[PDB]
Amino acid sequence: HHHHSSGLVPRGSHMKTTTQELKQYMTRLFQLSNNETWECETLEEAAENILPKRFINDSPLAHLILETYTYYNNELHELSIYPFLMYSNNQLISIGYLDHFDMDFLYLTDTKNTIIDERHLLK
């Protein structure tokens, strides 16, 4: 509820803290300069339009509209990678990054069955 004030040290929201974690992981995985800032494109969209159909099915994602955060700059555009976060009513739905035509997942759930959880790679 107060992720900023629920730890020992000062931090931001769950979204922004998870962003920084995703950023430190992607910087190492892709040898990123981070010479430019991560600009963010925020958008709400039905889960069935932004996630593979295999994970939708008759799960709650069939109807859910997710709040999405896609980070970008000219360096990430050069590598064709787009780190993204997805939420649904303050609950984390997905951590990952688009890699060219693929969609890599570091975390993904349908609010009932966790599909992927590799957040251990982020901490």
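Residues carry their position along the shown sequence, with the first being 1.
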Please compare 32 to 40 with 68 to 76 and say which has the higher mean C-alpha temperature factor in the record. 32 to 40
Which has higher Cα B-factors on average according to the PDB entry: 53 to 61 or 79 to 87? 53 to 61
What third of its chain's C-alpha B-factors does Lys16 belong to: lowest, middle or highest? lowest
Where does the C-alpha B-factor of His100 rank in its chain, lowest, middle or highest third? lowest
